[PDB]
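Residue numbers (PDB author numbering), protein chains in the order written: chain U, 5 to 141, 151 to 169; chain O, 1 to 112, 124 to 387; chain W, 1 to 197; chain M, 1 to 38. Before any comments, here is the structure.
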Amino acid sequence: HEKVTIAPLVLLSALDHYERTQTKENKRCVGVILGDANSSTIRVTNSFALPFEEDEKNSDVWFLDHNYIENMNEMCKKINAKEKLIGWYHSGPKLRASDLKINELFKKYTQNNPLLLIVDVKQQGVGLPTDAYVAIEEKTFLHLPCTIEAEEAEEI
Amino acid sequence: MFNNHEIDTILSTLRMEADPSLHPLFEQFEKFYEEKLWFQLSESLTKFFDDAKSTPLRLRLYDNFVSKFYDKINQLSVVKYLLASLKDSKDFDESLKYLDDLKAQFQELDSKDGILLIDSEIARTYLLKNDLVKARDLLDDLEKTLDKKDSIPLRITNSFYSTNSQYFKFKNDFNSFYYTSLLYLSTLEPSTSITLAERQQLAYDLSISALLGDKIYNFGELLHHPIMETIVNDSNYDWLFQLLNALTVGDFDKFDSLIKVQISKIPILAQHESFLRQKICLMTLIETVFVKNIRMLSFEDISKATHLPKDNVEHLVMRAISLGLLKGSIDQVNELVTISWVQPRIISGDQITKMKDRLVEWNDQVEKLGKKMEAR
Amino acid sequence: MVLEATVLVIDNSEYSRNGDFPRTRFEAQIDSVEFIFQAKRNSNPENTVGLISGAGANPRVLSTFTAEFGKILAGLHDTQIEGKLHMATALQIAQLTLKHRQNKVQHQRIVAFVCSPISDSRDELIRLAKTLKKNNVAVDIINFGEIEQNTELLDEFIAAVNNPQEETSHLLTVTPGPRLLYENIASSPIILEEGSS
Amino acid sequence: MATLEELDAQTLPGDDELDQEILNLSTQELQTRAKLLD
Numbered sequence: 005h006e007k008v009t010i011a012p013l014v015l016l017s018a019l020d021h022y023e024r025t026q027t028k029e030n031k032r033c034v035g036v037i038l039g040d041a042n043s044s045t046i047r048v049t050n051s052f053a054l055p056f057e058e059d060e061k062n063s064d065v066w067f068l069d070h071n072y073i074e075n076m077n078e079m080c081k082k083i084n085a086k087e088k089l090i091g092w093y094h095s096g097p098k099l100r101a102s103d104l105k106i107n108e109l110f111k112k113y114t115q116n117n118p119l120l121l122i123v124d125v126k127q128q129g130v131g132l133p134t135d136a137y138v139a140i141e151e152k153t154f155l156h157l158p159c160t161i162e163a164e165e166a167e168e169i
Numbered sequence: 001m002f003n004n005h006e007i008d009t010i011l012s013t014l015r016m017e018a019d020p021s022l023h024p025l026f027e028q029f030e031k032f033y034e035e036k037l038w039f040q041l042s043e044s045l046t047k048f049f050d051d052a053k054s055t056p057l058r059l060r061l062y063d064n065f066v067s068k069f070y071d072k073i074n075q076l077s078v079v080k081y082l083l084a085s086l087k088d089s090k091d092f093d094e095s096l097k098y099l100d101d102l103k104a105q106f107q108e109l110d111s112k124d125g126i127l128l129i130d131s132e133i134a135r136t137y138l139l140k141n142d143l144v145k146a147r148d149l150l151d152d153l154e155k156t157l158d159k160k161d162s163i164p165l166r167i168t169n170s171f172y173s174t175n176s177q178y179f180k181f182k183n184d185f186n187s188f189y190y191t192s193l194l195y196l197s198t199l200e201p202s203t204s205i206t207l208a209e210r211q212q213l214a215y216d217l218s219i220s221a222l223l224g225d226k227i228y229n230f231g232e233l234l235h236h237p238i239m240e241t242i243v244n245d246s247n248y249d250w251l252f253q254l255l256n257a258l259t260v261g262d263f264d265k266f267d268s269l270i271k272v273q274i275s276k277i278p279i280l281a282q283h284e285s286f287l288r289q290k291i292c293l294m295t296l297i298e299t300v301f302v303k304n305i306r307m308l309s310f311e312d313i314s315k316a317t318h319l320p321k322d323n324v325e326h327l328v329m330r331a332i333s334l335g336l337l338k339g340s341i342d343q344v345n346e347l348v349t350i351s352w353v354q355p356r357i358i359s360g361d362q363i364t365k366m367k368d369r370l371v372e373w374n375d376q377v378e379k380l381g382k383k384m385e386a387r
Numbered sequence: 001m002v003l004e005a006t007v008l009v010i011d012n013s014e015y016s017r018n019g020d021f022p023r024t025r026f027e028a029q030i031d032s033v034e035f036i037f038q039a040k041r042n043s044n045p046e047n048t049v050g051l052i053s054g055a056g057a058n059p060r061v062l063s064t065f066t067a068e069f070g071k072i073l074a075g076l077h078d079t080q081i082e083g084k085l086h087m088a089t090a091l092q093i094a095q096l097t098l099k100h101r102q103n104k105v106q107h108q109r110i111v112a113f114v115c116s117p118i119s120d121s122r123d124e125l126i127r128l129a130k131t132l133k134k135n136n137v138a139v140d141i142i143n144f145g146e147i148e149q150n151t152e153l154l155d156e157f158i159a160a161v162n163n164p165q166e167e168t169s170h171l172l173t174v175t176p177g178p179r180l181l182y183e184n185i186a187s188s189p190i191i192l193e194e195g196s197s
Numbered sequence: 001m002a003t004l005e006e007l008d009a010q011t012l013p014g015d016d017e018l019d020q021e022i023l024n025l026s027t028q029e030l031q032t033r034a035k036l037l038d
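Now the structure itself:
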């Protein structure tokens, strides 16, 4: 479908977020992901830690504000128009159904059904420490495969 | 039951503040109709219970507070019943006439949400046996309606499929229809409490439409899904189930014995069973017998291993996608099919085993090589 | 008066579907809140509130932390009107919410509509009430229930939250009839009178 | 006869919202309008 670019720049800071947040397996450091989502290939330009709270002692119980993104995008826009919201990330490595709820928040904030992002904060196994999901339906959500771009600037 | 009258008092005062769901005219008319447990569909949370199938003549009195339906009981709220429950008033008319009331026109829900009423009103025309042409046209527009929408209700599709099923239920194409209702079952699958006479008979008609599918076989199916017991059981469900057996057995007279009119009404299952017996035998042959890169199956005894004979092999086997399915070709001389795929299945249990074997095999024998190559 | 964060817990639900007084309970809830918040923000400017969904089948914040008319802005759009209780969860988040309340020394407050039959367990309710009291949350509840929702958790709960009142909990169980909520609550030390602790 | 009075007096704040809400919306770009352009 729209299967997506990946910004290492993201990936890196993403774990910094996880790092910075000192997120642990109890937690998933969550945040915006940025790019432009139109094409049957979506790009990840960037992404932003959403200062957040997660509780799975009660699944649906967790805390976040959008209004980061609010002020964020402004600057993001002011930084770049091409930020346009593609979706968002979290740590992961795995989903928790409250994601779905969380997913839908961004639906307000995104053009398409926005983009989830899993990360393996321990990067453990293999290609990607990462999954990106879009909701669906009998719900659906799905991983379209994704990968890096150039970003040779990165690559250098 | 006063459960209406109760609510025809209580929910009138239930928030819903002394409403048209309590009016001097109002409570009477039920009591007028009955207190006798069969009623007119009782105004909100209990009409939200009540389908009540004594044809609602609070037809009108549900239609009260529909003025206030803005600030009065508000949801879909309407084709929740009536346009549903009185859609079951079962005239031409009726709904057509309260089409002719609503016509999906009313203040906000429809003519200022009512798309599911747009569903209904249009769909509901369709369940009236409306002309095919007229149906499909706007049905496909109803479809077209359905298209670009993100509709949290299945109910829309659950209308529409059931609708478009009904459409094909007016028709053959149970290949579509059955599947459509199969779709619609999966469309109903999360939602939509129903009745059994609804359930089996449809799922019957479904299971019927399976045979009025018949198909890309099938073989096995939604039978697993709770259409069964429920449908089969008995009557043709016996057959219908035994047809699942025929979907496996493929014995003419384990069925052509069974046959009464309705099935023999379409005799082509005798063909379809020949199609079955072939295909039925085929799938496993395709699934199993060769495992060792299954293809050949070539021809005759192998094909007559379908216990359908060589000169039919000369056709049923010979027909390939002239079966709709088989790939490959024929060496007639050597009596050899060339085959390829378009044989899927839902089963399990088998190549599970065979799987990792080779998949471990190279894998093992890798390490032999896979020993020093980059290592050394 | 108040220096605290607050939460607006709205059930748009079996009752708010069903207008408790004009125009509907859900709508009736509304301007009372602006009434509430006005006073709350009049109590002090910077008195902050949340707004969440205890309504529908999906719990979530509606208006996040702010002052702020943005709430009135945020409350701008609807809800599932016939929806259902998230309270235990929704409340639980309101805790987490308030835990994050920006510029604390703002105490944790909660204002809660009951448009739902209120399905929960006393234990959880109290653990909440505890957790509230543990978190030291202010909780004053808006309940116009069937019966009302009372002789129940809510009544226990306010108590179960409460060692000191507005430092923990107060209640007003909203009344039927010509009861304008904002008129109703104007009395209760859900608002006015003494405003926070 | 005084209901729509209150009722539409109750709309007014909900009415007041939008513009007020927009008066929030206004400044937002008005800057980025100016800011960039400036």
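Every residue, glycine too, gets a C-beta built ideally from N, C-alpha and C.
Under 8 Å, CB to CB, which of the residues in the stretch 15-42 of chain W have a partner in chain M? Those would be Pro-22, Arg-23, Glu-27, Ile-30, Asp-31, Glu-34, in chain order.
What residues of chain W sit near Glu-57 of chain U, judged by a beta carbon separation below 8 Å? Chain W residues near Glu-57 of chain U: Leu-96, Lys-99, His-100.
Element boundaries [alpha helix (DSSP H), containing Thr-32 of chain M]: Where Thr-32 of chain M is concerned, the enclosing alpha helix (DSSP H) stretches over 3-37.
Please tell me whether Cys-159 of chain U and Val-14 of chain U are closer than 7 Å, where the distance is taken between their beta carbons. Going by C-beta atoms, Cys-159 of chain U is not nearer than 7 Å to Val-14 of chain U.
Can you tell me the Cα-Cα spacing of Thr-13 of chain O and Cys-115 of chain W, whole angstroms? Distance between the alpha carbons of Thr-13 of chain O and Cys-115 of chain W: 15 Å.
Please report the distance separating the alpha-carbon of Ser-340 of chain O from that of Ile-270 of chain O. Computed Cα separation, rounded: 35 Å.
At least one CB of chain W closer than 7 Å to the CB of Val-65 of chain U: is that the case? Yes, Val-65 of chain U lies at the interface with chain W (some Cβ there is under 7 Å from its Cβ).
In chain order, which continuous runs of the alpha helix (DSSP H) of length 4 or greater are located wholly inside the stretch 143-167 of chain O? For the stretch 143-167 of chain O, whole alpha helix (DSSP H) runs of length 4 or above, ordered along the chain, are 143-159.
When you compare the CB of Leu-181 of chain W with every CB in chain M, is at least one pair closer than 7 Å? At a cut-off of 7 Å, the C-beta of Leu-181 of chain W has no neighbouring C-beta in chain M.
For the candidate residues O:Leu-59, O:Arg-15, O:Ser-54, O:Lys-90, whose alpha-carbon lies nearest to that of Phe-26 of chain O? Ranking the options by Cα distance to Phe-26 of chain O, first place goes to O:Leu-59.
Are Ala-94 of chain W and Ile-81 of chain W close, meaning C-beta to C-beta below 7 Å? No, the pair does not count as a contact, with Cβ atoms beyond the cut-off.
Is it buried or exposed, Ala-28 of chain W, if we count other Cβ atoms within 10 angstroms and call 16 or more buried? By the neighbour-count rule (16 or more Cβ atoms within 10 Å), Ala-28 of chain W is buried.
In the DSSP output, what is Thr-27 of chain U paired with across the bridge? Note: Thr-27 of chain U is not bridge-paired with any residue in the DSSP secondary-structure output.
For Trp-92 of chain U, is the classification buried or exposed, using 16 other Cβ atoms within 10 angstroms of its Cβ as the cut-off for buried? Classification for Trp-92 of chain U: buried.
Can you tell me which residues form a DSSP beta bridge with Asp-135 of chain U? In DSSP, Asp-135 of chain U forms a bridge with U:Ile-122.
Take every Cβ of the stretch 215-230 of chain O, pair it with every Cβ of the stretch 180-190 of chain O, and state whether three or more of those distances are shorter than 8 Å. Taking 8 Å as the limit for Cβ pairs, the verdict is that the stretch 180-190 of chain O does touch the stretch 215-230 of chain O.
Reference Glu-5 of chain M, options W:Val-9, W:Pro-22, W:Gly-54, W:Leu-192, closest by Cα: Measuring from the Cα of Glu-5 of chain M, the nearest candidate turns out to be W:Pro-22.
Flag this pair as yes or no: are the beta carbons of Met-79 of chain U and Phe-52 of chain U separated by less than 7 Å? Their beta carbons are not under 7 Å apart, which means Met-79 of chain U does not touch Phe-52 of chain U by this criterion.
Should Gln-75 of chain O be flagged as near chain W, meaning a C-beta pair shorter than 7 Å? Closer than 7 Å to some Cβ of chain W, the Cβ of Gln-75 of chain O qualifies, so yes.
Which residues, in chain order, does the stretch 54-72 of chain W contribute to contact with chain U at a C-beta distance below 9 Å? Of all residues in the stretch 54-72 of chain W, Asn-58, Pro-59, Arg-60, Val-61, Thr-64, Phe-65, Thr-66, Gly-70 have a Cβ within less than 9 Å of some Cβ in chain U.
Taking all protein chains shown into account, do 16 or more other C-beta atoms lie within 10 angstroms of the C-beta of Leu-143 of chain O, making it buried, or fewer, making it exposed? Around the beta carbon of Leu-143 of chain O, a 10 Å sphere encloses fewer than 16 other beta carbons of the protein chains shown; the residue is thus reported as exposed.
Run the CB neighbour count on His-170 of chain W, radius 10 Å, all protein chains shown included, and call it buried at 16 or more, exposed below. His-170 of chain W should be labelled buried.
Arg-127 of chain W by DSSP, collapsed to three states: which one? It is helical.
Below-7 Å beta-carbon distance, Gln-108 of chain W vs any chain U residue: No, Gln-108 of chain W does not count as interfacial toward chain U.
So does the stretch 269-286 of chain O actually touch the stretch 294-310 of chain O, counting three or more Cβ pairs closer than 8 Å? Verdict: no, contact absent.
Would you call the stretch 18-36 of chain O in contact with the stretch 58-75 of chain O, where contact means no fewer than 3 C-beta pairs closer than 8 Å? Between the stretch 18-36 of chain O and the stretch 58-75 of chain O there are three or more inter-stretch CB-CB distances shorter than 8 Å, so the stretches are counted as touching.
Same chain, Cβ closer than 8 Å to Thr-156 of chain O, five either side skipped, listed in chain order: Contacts found: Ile-126, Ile-129, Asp-130, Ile-133.
Do you know whose CA, among W:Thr-151, W:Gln-92, W:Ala-67, W:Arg-25, lies nearest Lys-133 of chain W's CA? Minimum Cα distance to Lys-133 of chain W is reached at W:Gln-92.
Which bits of chain U does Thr-89 of chain W rub up against, with CB to CB less than 7 Å? Here the neighbours are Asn-62, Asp-64, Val-65.
Check whether the stretch 345-361 of chain O and the stretch 1-8 of chain W are in contact - that is, three or more C-beta pairs closer than 8 Å. Flag = no, the stretch 345-361 of chain O and the stretch 1-8 of chain W do not touch.
Three-state secondary structure (DSSP) of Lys-134 of chain W: Three-state result, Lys-134 of chain W: helix.
Could you check what DSSP says for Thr-299 of chain O in three-state terms: helix, strand or coil? Helix, per DSSP.
Determine which residues of the stretch 9-36 of chain O have a Cβ less than 7 Å from any Cβ of chain W, and write them out in chain order. The stretch 9-36 of chain O vs chain W, Cβ under 7 Å: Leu-14, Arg-15, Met-16, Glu-17.
Taking Cβ positions only, does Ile-93 of chain W come closer than 7 Å to chain U? For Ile-93 of chain W, a Cβ of chain U is located within less than 7 Å of the residue's own Cβ.
Where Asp-71 of chain O meets chain W, residues with beta-carbon distance less than 8 Å: Chain W residues near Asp-71 of chain O: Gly-19, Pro-22, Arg-23, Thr-24, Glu-27.
Between the CA atoms of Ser-54 of chain O and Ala-138 of chain W - distance to the nearest angstrom: Pairing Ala-138 of chain W with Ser-54 of chain O, the inter-Cα distance amounts to about 52 Å.
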